[PDB]
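Protein chains in written order, with the deposited numbering: chain E, 2 to 388; chain C, 2 to 388; chain A, 2 to 388; chain P, 2 to 388. Beta carbons are placed, not taken as given, at the ideal position from N, Cα and C, and that holds for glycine.
Protein chains: 4
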Amino acid sequence: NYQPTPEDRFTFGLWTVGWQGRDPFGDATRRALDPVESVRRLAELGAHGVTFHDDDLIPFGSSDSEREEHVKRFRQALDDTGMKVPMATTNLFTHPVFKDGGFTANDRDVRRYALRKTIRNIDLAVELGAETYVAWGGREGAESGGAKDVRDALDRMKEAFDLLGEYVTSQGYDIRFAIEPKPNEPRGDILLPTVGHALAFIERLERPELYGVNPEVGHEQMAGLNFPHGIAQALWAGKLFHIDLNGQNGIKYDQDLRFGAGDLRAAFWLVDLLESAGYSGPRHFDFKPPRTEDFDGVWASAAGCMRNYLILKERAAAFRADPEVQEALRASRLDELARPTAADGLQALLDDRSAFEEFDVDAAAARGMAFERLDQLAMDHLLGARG
Amino acid sequence: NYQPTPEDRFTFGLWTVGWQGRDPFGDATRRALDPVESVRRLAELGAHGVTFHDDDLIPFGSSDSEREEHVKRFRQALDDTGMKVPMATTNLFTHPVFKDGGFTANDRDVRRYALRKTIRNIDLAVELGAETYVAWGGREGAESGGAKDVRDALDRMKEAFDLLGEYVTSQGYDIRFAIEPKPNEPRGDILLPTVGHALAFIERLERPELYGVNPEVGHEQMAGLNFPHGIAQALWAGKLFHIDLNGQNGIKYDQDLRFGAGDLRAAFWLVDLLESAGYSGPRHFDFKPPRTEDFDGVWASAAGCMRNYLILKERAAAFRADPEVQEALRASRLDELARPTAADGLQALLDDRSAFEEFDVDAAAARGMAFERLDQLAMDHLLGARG
Amino acid sequence: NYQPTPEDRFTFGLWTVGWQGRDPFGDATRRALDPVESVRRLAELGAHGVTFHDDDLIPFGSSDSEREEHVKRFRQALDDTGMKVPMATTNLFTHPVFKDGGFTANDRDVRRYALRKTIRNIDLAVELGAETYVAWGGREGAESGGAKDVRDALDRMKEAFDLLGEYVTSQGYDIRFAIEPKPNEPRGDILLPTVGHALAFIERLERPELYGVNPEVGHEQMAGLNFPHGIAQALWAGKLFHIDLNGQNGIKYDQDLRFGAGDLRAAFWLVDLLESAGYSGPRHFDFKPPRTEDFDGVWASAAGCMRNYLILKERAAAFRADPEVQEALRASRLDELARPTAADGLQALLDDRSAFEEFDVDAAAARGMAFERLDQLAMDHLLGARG
Amino acid sequence: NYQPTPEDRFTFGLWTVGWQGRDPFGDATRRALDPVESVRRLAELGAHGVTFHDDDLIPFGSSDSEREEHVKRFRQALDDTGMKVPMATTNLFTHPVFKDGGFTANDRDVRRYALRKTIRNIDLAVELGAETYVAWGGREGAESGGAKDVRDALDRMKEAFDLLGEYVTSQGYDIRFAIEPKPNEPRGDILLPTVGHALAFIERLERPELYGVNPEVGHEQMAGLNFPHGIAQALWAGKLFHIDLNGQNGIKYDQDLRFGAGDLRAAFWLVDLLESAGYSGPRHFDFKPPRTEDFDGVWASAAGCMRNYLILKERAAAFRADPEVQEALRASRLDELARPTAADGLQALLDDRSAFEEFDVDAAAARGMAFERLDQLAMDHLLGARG
Ligand SMILES: OC[C@H]1O[C@H](O)[C@H](O)[C@@H](O)[C@@H]1O
Ligand SMILES: OC[C@H]1O[C@H](O)[C@H](O)[C@@H](O)[C@@H]1O
Ligand SMILES: OC[C@H]1O[C@H](O)[C@H](O)[C@@H](O)[C@@H]1O
Ligand SMILES: OC[C@H]1O[C@H](O)[C@H](O)[C@@H](O)[C@@H]1O
Ligand SMILES: [Mn+2]
Ligand SMILES: [Mn+2]
Ligand SMILES: [Mn+2]
Ligand SMILES: [Mn+2]
Ligand SMILES: [Mn+2]
Ligand SMILES: [Mn+2]
Ligand SMILES: [Mn+2]
Ligand SMILES: [Mn+2]
């Protein structure tokens, strides 16, 4: 009955289940959680681990002794439960000093501060065992055209990521970076707005091998993009270092519904791809239990994330294992798509009359793709309606 | 009075002014144009040049002698007018054989055919003087999840572009490639859906220096993205080889309004960026005169493309030259955004107490960005309402 | 195994399965169907009926004898199969004369012509047994602000619908009208763009009781609206005269995927509502088998429409019948939402201190809605994963 | 130089300039304003008036004496400045008790409380001279399908508005209601999501003449709708009681940019319509100075709202007064759109052979609409580029 265990690698941000329900139009509807209680409740549901921003774990402004006690208690809860911390990140968005950005703030002093605040937390992340360090440039961008020269901003972004790569290399840390795209919100337009923009940017860094992406289901959907396509491109590039799983209903504010909510068919095709490709990172949920909910509803929502992943994984596996689907996939020439177009080489292609002068374009045109039949087999699998 | 001349480098696709007004719900409202007449009418309006798909210039299915006559007449009109042909491209979308794609069709034979059809037209393009060869993968993608393994598809896309780079290198041609993104339409989701995805893909090709992007105003807007931001990223990467200028009202079907229509402020910020960055390629319009229009309306629409570019160029130049705007730009710290964050290096940043231990975060936070004032100066410039 | 029969009331437009696959960027990929063959193939799949535009059944420009023969053959196929014709409509979009609209064309002569063309087809529709006559104002609107004074246009729309109501009343026909909204495409913005706009407009007609809506799943989704919410408002108003069922992936061009594709959860909640409310009209599919498909794929796609409706109907029924869901619905106070807020009346509400002066707002606030648990029960039902 | 004065009727919400800059991802960047200071600063900029939610003017939880002092001080500032209060509204969204709605909360007690809280503020609004009372059902809706039966919810909405109409009638108040649509945010989908849905709903209330709409530029744009079209429909219905003016860049979170920002051409066509139709209500701004800004930037942003309205009003007036535009409007048959289609009546239309049997559809089809030329005249006017 789709019961998660820690071997499923399901992780949650402290800020997910810990969200107090403050939105732009309303006050908190739940009390703050102690991170220790979250670790414990998550462990009991079958989670593998948690993730954190610096400021989720240690209140902004903490003294050294406060900080040490917060980490001690957190460490104890990890030890008490067997929970891991596979990823951490910096809060470069909440404090008003970040109003125009961290790494790409117009104020140089803010940019230096952002870097120092990040580096401090990289050390903690390594201490707690994290393998991935996420950057989410939520304040990087603009509401107006004159406010942000984007080429200068990208020069500053590159400089910041380059410094961080220098830093981790200097300490001999194994931790890698993952850039999390989001196209807008809270800035009118955010820099590196999609998986593609982040991938492209990475290839200009000094040490590109240190940086991948942390794509979020809802964020690519906020641009109307196909999330499984973006993930496939990321996998193709060898850069799917981490993922954020959740739900989103179309192009609107960032909803952060529980995974499986939102675009259910996209969630099926995502799980199909992750499993087929052998993604081996954390199955991380970045979701907000709706503010309608009390604490019991919080845990139900979190449980549903993991349940939905496990149901979808079962249905996708059944799909790809069904001989009738295997025959449909052949009928639709998915096998041919996987073959080289011209392993014979350029000159042979140019000399091949069956590729042009004698290619019967009408007979090719007339051959149906059989994609609808294929897709209804997939529907029938997803819904458990195989006849 | 904003009169274009050929030195402004304004170009038009044959298929733009030549669009007969057939849409998915209706028949043509205008007769087909002879390319010769289009060259002549465009020249008379002050255009620099035209662009073409193979099948715009030579009807699909033409005999060798037909083809030779079509090119002869076209060449004569170019010679008669002084018009250039800076760019060409392949029609890999109209014929039913391309229903599942060209380069990423599931049918291998179709993929080979697509390559041969492209290579034939590369030779013609070079003969007519083109410097850029555009690819627009409009049929590459899917309506359903099972129909297209995207990693295999990207393997096939890479293979196709690699073969084309091999081909041009083999002939000693100077022509370069530009990939034109579009996120959807006519496929439910199109591969390389944005400028970012195309940039990232390019970095995996064998000879990345041969490939840039041809971003279109309306296409990035179809994903709700900020077109001037995308162009800036493209410029940052050194990959703005060509551009398509037009208008689009938000996230909907591809409207291809005349340039300046649609998102007028985005058009102002685009022209500001292109001019500030010194983009020196063609100012190419990919637009559709609405099907409401007759031939006189066609030419009025095309004239308006060039007029709007020239008005915006004047207003943007006035903006950046106004000492009052220069002072506002300083007040908003755009000068600081252009300075390195830490030219002193990593260790100096780590040892700089003013970056962290003694950084007054509240005083920084309290400093307004003054972006609204800046933006109203920009509004006042755009509208010619300076007091 | 979810086999449809005619008692399920599933209907298809001739133009759905008959779509030849011409899109704005490509030629037809299938031959034209004879309406007789469509009736027969649909009947064999378990359909109840078909619908038509005038010009689907009788080619535009037909002679009286041609017209009579087309109708004869169609009638014979209906008689041969037991198929019905519950709805008909006018093509006021394809011919170039409708380029600026039918009923709201700027040219008065076009507007009169649109009315005459509609009235002719109303007579045929009644002859073939239709109970609903759909209007889809696809050409009514604008690409630019100056082209269409919308108040004058709505005066013309009202005039046209009023004349049609006069006409049907004059003939003693029982047929009613249903306005089908679409927000854009093929016009940049279409008048009466949503269910709400159409409902509101209807209340200004001379005989509002003669007019309802024909909402389409994909069209409301093209504005990012919640289709089941729109249907509920339509049901609330007593105006759900007919429906178009299909799928759509977000805000983009009108995709017309088979029903169940697109937003699968919205399709579940739609079927839940239609069945719960006792909608008794046709379950009509307005879909396009993708142009990738051959004729076999056409019929598979159409079969899948009906299959998906039947699977969803089963899952929704199981949901609402499950005692555990009934208890969750109580826990979430859906029973209370159905009770009057103040059946005691205004003065009693004003005098009720428990409504204000002594209302414990914090205790109310603290009561979780339990909506996540409810929603995962719904997920588990939809997926057939009840434990 | 486009200097506003109180005769321009420009109004601002206390919550607009008073927004402290808290967003879902960050803390306030400005201190709270005293409403008295806002009245004074707004008056100095040339505003006519302010608007308020109950809880903007009197802190939630105030004692009777606190309340009396808050109103006293506010009244004094109004008297000191000559500012008016043309509109007021209720906060039925901030307090956690409204997490599932006010008027359509599932909890009946919450619904009664919402009504009492509204009625209390109606009395204050009348005391301060307001002519319009706005309802914005921001918490009315759902994130999941099972949580909200929408027909029951609309029964509750109708009941609430009916009670409020009973109340104002009982007191002999002249104040009227205006429903402000928003399609989503903070609920996943909000009930009455557009101008159309609100118009339609109004026609089912007991006393429909008491209720109009308060459409907001950005909210209709959040559904990709054409705001000037929606306003025209509202004007057509006689229901434009009040308006919210601001800017929005497409389909995304509710940005509330200063008026003129966002979609500049839509702002031009809006002002053209409001002025042409003789809208005589407040020109009310519901905007958020971006959180990047300090207090000086707040006032600059607010000034820019009024400036942009005045520039657009000048350009639109020049457009409609230009004899060359008047001739273009005739060329495009806008004069004909304003004439009745068939003032001769139904039988005469049926007997008119020039409407059908002898209508030359090809000659009509061939007549260009000349809309592009018209639209470039409008562009040239907007930009001050008339040659
Ligand atoms: O980077 C970690 C997280 O930071 C913030 O909480 C963002 O809203 C979220 O999307 C991101 O995944
Ligand atoms: O690639 C050349 C052109 O091909 C097609 O006409 C596309 O619709 C267009 O966007 C593109 O710019
Ligand atoms: O009105 C009947 C039909 O006409 C057209 O085919 C439209 O594209 C479709 O949505 C509509 O349902
Ligand atoms: O109803 C008054 C106002 O309430 C809230 O502040 C809303 O966010 C806003 O759009 C609305 O106009
Ligand atoms: Mn998110
Ligand atoms: Mn995230
Ligand atoms: Mn385009
Ligand atoms: Mn293009
Ligand atoms: Mn449709
Ligand atoms: Mn339809
Ligand atoms: Mn708003
Ligand atoms: Mn508002």
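DSSP lists P:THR12, P:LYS85 as the beta-bridge partner residues of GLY50 of chain P.
With a threshold of 16 other beta carbon atoms within 10 Å, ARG157 of chain C meets it and is buried. Proximity to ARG32 of chain E across E:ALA235, E:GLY369, E:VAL151, E:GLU294 peaks at E:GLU294, based on C-alpha coordinates.
The shortest CA-to-CA distance from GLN21 of chain A to any of A:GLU141, A:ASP101, A:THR52, A:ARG292 is the one to A:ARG292.
In the DSSP annotation of this structure, the continuous segment of the beta strand (DSSP E) that includes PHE286 of chain E starts and ends at 284-286.
In terms of Cα proximity to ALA148 of chain C, the closest of E:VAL299, E:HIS230, E:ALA349 is E:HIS230. Shown here for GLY261 of chain A: same chain residues with a beta carbon closer than 6 Å to its own, the five before and five after excluded, namely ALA268, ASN309 in chain order. Here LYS73 of chain A is exposed, its C-beta having fewer than 16 other C-beta atoms within 10 Å. For the C-beta of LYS253 of chain P, the chain C residues within less than 9 Å are, from N- to C-terminus, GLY225. Close to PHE372 of chain P, with beta-carbon spacing below 8 Å, are these residues of chain C in chain order: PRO291, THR293, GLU294, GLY298. Checking the DSSP bridge columns, you'll see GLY139 of chain A has no partner listed. Considered as a whole, the segment 176-238 of chain E harbours 177-180, 212-214 as its complete beta strand (DSSP E) runs of no fewer than 3 residues, in chain order. According to DSSP, residue pairing for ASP245 of chain C in a beta bridge involves C:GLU217, C:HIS285.
Distances taken from the Cβ of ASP257 of chain C to the heavy atoms of ligand 7 include one shorter than 8 Å.
For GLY142 of chain C, at least one C-beta of chain E is nearer than 9 Å to its own C-beta. Secondary structure at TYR134 of chain C: strand, using DSSP grouped into helix, strand and coil. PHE104 of chain C carries a coil assignment under DSSP once its states are collapsed to helix, strand and coil.
For the set P:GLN77, P:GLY83, P:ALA48, P:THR91, the Cα lying nearest the Cα of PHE61 of chain P is the one of P:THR91. P:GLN172 is the residue among P:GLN172, P:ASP24, P:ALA44, P:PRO341 whose C-alpha sits nearest the C-alpha of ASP124 of chain P. Of all residues in the segment 176-187 of chain A, those with a C-beta nearer than 7 Å to a C-beta of chain C are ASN185, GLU186, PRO187, reading in chain order. When 7 Å is used as the limit between beta carbons, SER333 of chain E is near these residues of chain C: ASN107, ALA148, in chain order. Along the segment 14-37 of chain C, the positions whose C-beta sits under 8 Å from a C-beta of chain P are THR30, read in chain order. Residue-level contact by beta carbon holds for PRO341 of chain C and chain E, with a gap shorter than 9 Å.
Among the CB atoms of chain E, none fall inside 9 Å of the CB of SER63 of chain P. Taking non-hydrogen atoms of ligand 10 into account, the C-beta of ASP55 of chain A is found less than 8 Å away from none of them. Rounded to whole angstroms, the separation of the alpha carbons of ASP108 of chain P and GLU160 of chain A is 45 Å. In the three-state reduction of the DSSP assignment, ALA33 of chain C falls in the coil class, being assigned neither a helical nor a strand state. In terms of beta-carbon proximity, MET380 of chain E lines the interface with chain A, with at least one pair separated by less than 9 Å.
The beta carbon of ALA106 of chain C sits closer than 6 Å to the beta carbons of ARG112 from its chain, once the five residues preceding and following it are set aside; these are given in chain order. Identification of chain E residues near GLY189 of chain P by a Cβ-Cβ cut-off of 7 Å yields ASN250, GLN256, ordered along the chain. Put simply, the CB of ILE312 of chain A is near chain E, with a gap under 9 Å to one of its CB atoms.
Under the 9 Å criterion on CB atoms, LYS100 of chain C is classed as interfacial with respect to chain A. Secondary structure note for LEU155 of chain E: its alpha helix (DSSP H) is the uninterrupted segment 151-172. At a cut-off of 8 Å, the beta-carbon of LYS100 of chain C does not count as near ligand 1: no heavy atom of the ligand is closer than that. Burial check for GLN348 of chain P: the Cβ neighbour count within 10 Å stays below 16, so the residue is exposed.
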